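Heads up, the chain below is alone and in the form deposited in one PDB entry; it's given as structure tokens.
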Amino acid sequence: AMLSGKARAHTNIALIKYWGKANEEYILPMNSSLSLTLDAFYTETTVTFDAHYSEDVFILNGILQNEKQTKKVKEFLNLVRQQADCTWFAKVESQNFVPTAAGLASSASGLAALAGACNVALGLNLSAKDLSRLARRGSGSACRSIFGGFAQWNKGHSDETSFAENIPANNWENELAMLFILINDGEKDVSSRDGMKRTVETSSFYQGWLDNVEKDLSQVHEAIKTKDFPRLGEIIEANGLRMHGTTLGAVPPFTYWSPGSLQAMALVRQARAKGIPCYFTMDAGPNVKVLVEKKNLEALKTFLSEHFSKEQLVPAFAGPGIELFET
């Protein structure tokens, strides 16, 4: 009386940010978002549901996770057990090939992989669309890691209509790269979930964010259709700066940036000034991601090595959607 399943999902980095939930229970977002799934960082997860288990168990990077660290996995397991009428405790064994809780989207790859493993184990036979909807319930960004390359999370207006899909770009995504500047791989002070809730509920800047996101998304789409790299980069750099601006208007205000974040951002502007087209974005933490055409990646890593070590510059290319495995 045992059901098991496995999946691999890659991280994604948001080009147009998701920031703030319209519905906290179902993770319905205030705005639509768009990301690039990457090849460098991924999560591998197996789940086992077994009548003989006596409690839910979460093992991450070979390390048993404590009650606080398991609360959310347990929330996702409860949700999927209701969606199957399954009453069995589960064992979740996951390995993050990506720093955890550091602004490098380990919740995207991690909850996507768990959703996929659960889909397999409980024989749910979900379409990609419906697997995206389930992953959304664990972490918003995870619903986009179901797909490769460019993916859009349509905010919709209900559990049924909020989900992601691939954005065809006539192969453009394979002509691009993202260079991670690792300022700090440690666990961050304010979680993505808590930070965006504080922003929604208290930031005087949040309406400004909302009033600009759809225009940014439209221009990202026009840029894709024309493979206009400077236009893409200007939109996404400003979109990320606008998102981080919102936390300075929260009550109390806060920032995800660290000193090295600003150093890296300024350096990206120097690189542009000195003839390397590239644009930075930051998800919810201190690390800096630099969008750059593949042909300029080595140029950029060398430029940036003047201030960061080899261990701090990690390149990445477009990556695949989720991979399921019956075991």
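C-alpha atoms forming the largest set that superposes within 1.5 Å between two forms make up the rigid core. Throughout, we count residues from 1 along the sequence that is shown.
Just so it is clear, the following notes concern the form deposited in another entry, a form of the same protein that is not shown.
With the rigid core aligned between the shown form and the other one, the listed residues 159, 216, 185, 165 include just one Cα displaced by at least 2 Å, namely that of 185. Relative to the superposed core, residue 148 undergoes a Cα shift smaller than 2 Å between the shown form and the other one.
Relative to the superposed core, residue 115 undergoes a Cα shift smaller than 2 Å between the shown form and the other one. The Cα shift for residue 103 between the shown form and the other one, taken after rigid core superposition, is 2 angstroms or larger. Expansion of the residue 103-residue 12 CA spacing by 3 Å or more is recorded in that other deposited form, set against this form. Relative to the shown form, the Cα atoms of residue 187 and residue 247 move together by 3 Å or more in that other deposited form.
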